[PDB]
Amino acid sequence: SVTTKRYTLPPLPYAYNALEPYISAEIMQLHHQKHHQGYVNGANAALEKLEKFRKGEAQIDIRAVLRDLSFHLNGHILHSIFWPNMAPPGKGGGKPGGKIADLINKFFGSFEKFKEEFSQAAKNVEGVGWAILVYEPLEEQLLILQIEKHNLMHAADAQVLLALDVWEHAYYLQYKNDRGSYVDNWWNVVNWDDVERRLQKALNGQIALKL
């Protein structure tokens, strides 16, 4: 018996227009319905090829399919964090509080310095990718990392707490080439409650999904 677990597109936690004016309904719709859906589809396509190989039903270029899986699986995972990382202005935006504020102050000095560091990491991704805030479980610290594509430069075992997508399709329709203004405006929709919930799990030595 051989099984693979398949992936599905999660619904947004809010309406397509809920993050306006900071991210347009048009972007939200395309980004979720087309781009995120495509990564779910691609991940499942790679799994089907692997399962067929595991069954002894077909051959496989192992490198090619695992490269494909890594790309799409990561697109799916990062977007799945990205949506609840944001919230309509009110629930979204402003400064953090609770444990996340304290830990940000601890490792980065202040929220202002963290904001600068995270923004600069996002603005300076070469090509397409992400800025992420992770909890590194080995020495138990917050780190900012750049991710290229969806799958390059992750820290093994690390838990993603906050993710900012700087693929051109995350902003181009509204901001055009001005990724900087997009990054700066995105702070207005950060759902700190979600980031806090992720950090709480991470601090307890747990995987920070499925809140």
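Residue positions are given as counts along the sequence shown, with the first one as 1.
On average the C-alpha atoms of 56-64 have higher B-factors than those of the other stretch, with 56-64 and 169-177 being the two compared. For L50, the recorded CA B-factor ranks within the highest third of the chain. Only modelled residues enter the ranking.
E126 sits in the middle third of its chain by CA B factor, as recorded in the PDB entry.
Residue-level temperature factors show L103 in the highest third of its chain, judged at the C-alpha atom.
In this PDB entry, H76 carries a Cα temperature factor that places it within the middle third of its chain's modelled residues. Annotation for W83: C-alpha temperature factor in the middle third relative to the rest of the modelled chain, per the entry.
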